[PDB]
């Protein structure tokens, strides 16, 4: 066909408004800017593709290019970083972005950025909030102009090829996008090349993925149907190697109900029954143990309580009227720095950032969101993130991704009261993509990032591998009794989170 050179902003505004979904490229669209003096030679080398698909980090790609390009490793690095910093926002396109966002459009970002750079550009600029989904190559292990990434974007976002227009400066990228029935709009610094394209007619793993998802579902269903009081094993390592059956704590049952939403109704009913008949429930405060295992003077905790109450309220098993009293006791549990503490016992003073997150969640869920007493507790969690002190884990949660996950719930479900948490949190999660092997830690990152509007397909892929032949994933130690260093876990907890990660990316 033949493009339609556009030079009138009025024409552009009318052309864009004819589409429900707009897809932006990053380079030259939204952002413009010893040996080899041209960085163009690095980006044109085949090894750069391995960097864009996340297969290797910049450090790897640099040393590999030092050899191929016959340039000192230090120089290629200094030039690459200088190129990154010099990136500037394109004011025209950023405004075209904010506009299409206030007009309630579907706006996705499809760029070929390496993970480390994308993590930097996410912290540098602020137009990221205008996107509904972010599809970066380093998090997909795909890259333009391979048709795979386009098919994945279409099926991932449920995009309709018609009413969808793609903006990019590369002809090959637009060329491929058009083969799927997407209208193209090439960005030249002077003008635009508009090419309307008829769309409507309808990835490459739905056959394999649907099978593993079914297998995993069947496994977890059987377990919880046989043990609605979620089982738990105990050891001294996060892998629960040589662990012994315990199954005398109620928190695991909560976590499952609070995280995996696709549970069949009969399991949810049966598991909910356990959360109610729990003999550790005095009033509407819960104890971690059953009475049969309660170690004598072991008090009730705000973590099991915050979850059980938050869940029951969200499922119409309690009224805010019944809960606010309990919530007020928690307000009275503040330590000398104004931080809500973990136990209903002034003689067991202990604080935990994740416990504070689940308490703060209940507060904002019941209307307590703006109580002046939560100030210190909220700042405690914010500093725990900003100071990167979450890498040392919480008192009872040693895995850093656990804190980021539960924080993402509070930040996504109450965005008005936690807007300053968004970008700092998403930066951390991006830098931690594929940084561990335990499937549960992967599922967490997969879920949290998606809720934050970023698709993490790397951890998703390597999650499918760690599934065992009976559908379930390996046991994992989610929380610990610190003084004795005792991990609690179960294959249910792991399979639950893994299944949700699969569902949230379907």
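Residue numbers count along the first chain shown, from 1.
In the deposited entry, the stretch joining residue 202 to residue 203 is interrupted by 1 to 3 residues of the deposited sequence lacking coordinates.
Counting the deposited residues that fall between residue 33 and residue 34 and carry no coordinates gives a value of 4 to 9. Mean CA B-factor, 404-412 versus 95-103: the higher value falls on 95-103. For the pair 104-112 and 205-213, the mean B factor over Cα atoms is greater in 205-213. Going by the entry's values, 180 shows the largest Cα B-factor out of 180, 166, 288, 380.
Looking only at 43, 475, 446, 55, the residue with the top Cα B factor in the deposited structure is 43.
In the deposited entry, the Cα temperature factor of residue 359 places it in the lowest third of its chain's modelled residues.
Split the chain's modelled residues into thirds by C-alpha temperature factor. Residue 222 is in the middle one. In the PDB entry, a CA B factor belonging to the lowest third of its chain's modelled residues is recorded for residue 484.
Compared with the other modelled residues of the chain, the Cα B-factor recorded for residue 418 ranks in the middle third. When the CA B factors of the chain's modelled residues are split into thirds, the value for residue 315 lands in the highest one.
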